[PDB]
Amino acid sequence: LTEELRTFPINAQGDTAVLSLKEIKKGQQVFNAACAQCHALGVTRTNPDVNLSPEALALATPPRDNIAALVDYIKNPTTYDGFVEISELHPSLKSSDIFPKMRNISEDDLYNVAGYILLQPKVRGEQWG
């Protein structure tokens, strides 16, 4: 896994960040623990269109195709059109009541899961999402 594949847009301004492989291993864990229930393989079980594929992410509002945007999303989940807050029903830090796995999640983890999500299509191609 070259440093190239591990280079992702950290924000929407185009800035790049190189994540360590270790962080990605941790992102996967958090992901497999708190997201795989409805997102295994980068899909969205109950909403096929709003996937974890680059295309879907890029077309979200705002685009969720960069680490910052993905981190924001977990901290403050919103519908695809991004105008209705769904933190009450979607896993988030203010939703840890009905989502036990969100009680010990830290920014570092959010950062890692974000890198993990963005990594998958680079390595699994269209198998992801």
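Throughout, we count residues from 1 along the sequence that is shown.
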Check: If you average the CA temperature factors over each stretch, which comes out higher, 56 to 64 or 97 to 105?
Finding: 97 to 105
Check: With respect to the recorded C-alpha B factors, which stretch has the higher mean value, 113 to 121 or 7 to 15?
Finding: 7 to 15
Margin query: Can you tell me whether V71 has a C-alpha B-factor in the lowest, middle or highest third compared with the other modelled residues of the same chain?
Written below: lowest
Next item on the list: Compare the C-alpha B factor of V43 with those of the other modelled residues in its chain, then answer lowest, middle or highest third.
Entry: lowest
Next item on the list: Relative to the other modelled residues of the same chain, rank the CA B-factor of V84 and answer lowest, middle or highest third.
Entry: highest
Notebook entry, point to check: In terms of the chain's CA B-factor thirds, is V50 lowest, middle or highest?
Noted result: highest
